[PDB]
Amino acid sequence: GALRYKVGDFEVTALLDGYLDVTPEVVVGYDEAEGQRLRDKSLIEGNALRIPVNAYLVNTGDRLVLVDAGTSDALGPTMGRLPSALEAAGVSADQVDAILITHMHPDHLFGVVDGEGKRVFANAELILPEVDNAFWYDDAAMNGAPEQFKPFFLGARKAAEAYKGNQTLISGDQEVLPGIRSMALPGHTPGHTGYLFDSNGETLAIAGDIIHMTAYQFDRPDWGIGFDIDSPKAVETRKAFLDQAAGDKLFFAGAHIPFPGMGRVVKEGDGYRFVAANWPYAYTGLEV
């Protein structure tokens, strides 16, 4: 679960932290006739979709930066593969210089701490969108939260705090590191943020949880998922993101797009068709 691409002078390695299965009862706006038509289009039997959890290592030439860090053990044994995906890519955890968090959900942030609350990445700066940090640290929010979801707030704080004195809070429109700009993508969480990478005239947008179920939400970008804090907002941000991406032919990556999670969209009627990136033939089998 490690695949390496070139973006100008940057190397981007897709990393598979694992997978989870979701059924229609988490889908906002779901209808069964339409759900079945969409599953039949992808030759999917039954109503479970298997969704990857992806993170991306970017070697900018002078820093090694992770976008998201998977789950650790928080959601069971089907996740937390990120540390061994890193080994596959020839990288140890102690070489990571910075971790850019799209949002502070379990499957993006919890992989930054181990079982003891020890840092997985000893030498990394933890970079958090400050709008998301504020939410997860708000008690009004945490106490108004369905009891089964309170562990998310608590777990998010514990993960962030293992990086006390090595955190940078960022806004949704700022240069973060050379050739990395944040991009506000609010809705899924309040401070959900994508990261735009640019090197030598080439671009990759790492767009976090802009989409969860690619079997449904390219065709029906109006469908949400119950884990969206603000589902109508998330819908507006996805439609805006995909409209832009389609018109610019922007290469993007998504945490829950079938691994490696990278490609482009064509606009089609009132939805989109994803065109997956080709396998990196030359990079792996020539260039280096």
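Sequential numbering from 1, following the sequence displayed.
*Of 256 to 264 and 243 to 251, which one has the bigger average CA B-factor?*
Taking the mean C-alpha B-factor of 243 to 251 and of 256 to 264, the larger value falls to 243 to 251.
*asked:* Comparing average C-alpha B factors as deposited, tell me which of 276 to 284 and 7 to 15 sits higher.
replied: Result of the comparison: 276 to 284.
*Of the residues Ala98, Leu204, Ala89, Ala207, the one carrying the largest Cα B-factor as recorded*: Top of the list by C-alpha B-factor: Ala89.
*Looking at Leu177, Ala140, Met213, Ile127, which has the biggest Cα B factor in the entry?*
Within the set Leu177, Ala140, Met213, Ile127, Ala140 shows the top C-alpha B-factor.
_Among the modelled residues of this chain, does the Cα B factor of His108 put it in the lowest, middle or highest third?_
Answer is lowest: the recorded C-alpha B-factor places it there.
*Rank-wise, by C-alpha B-factor, drop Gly61 into the lowest, middle or highest third of its chain.*
Answer is highest: the recorded C-alpha B-factor places it there.
*asked:* Considering every modelled residue of the chain and its Cα B-factor in the PDB entry, is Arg50 in the lowest, middle or highest third?
replied: For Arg50, whose C-alpha B-factor we compare with every modelled residue in the chain, the answer is the lowest third.
*Place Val28 in the lowest, middle or highest third of its chain's C-alpha B-factors, as listed in the PDB entry.*
Middle third.
_Is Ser199 in the lowest, middle or highest third of its chain when residues are ranked by C-alpha B-factor?_
Within its chain, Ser199 is a middle-third residue by C-alpha B-factor, going by the deposited values.
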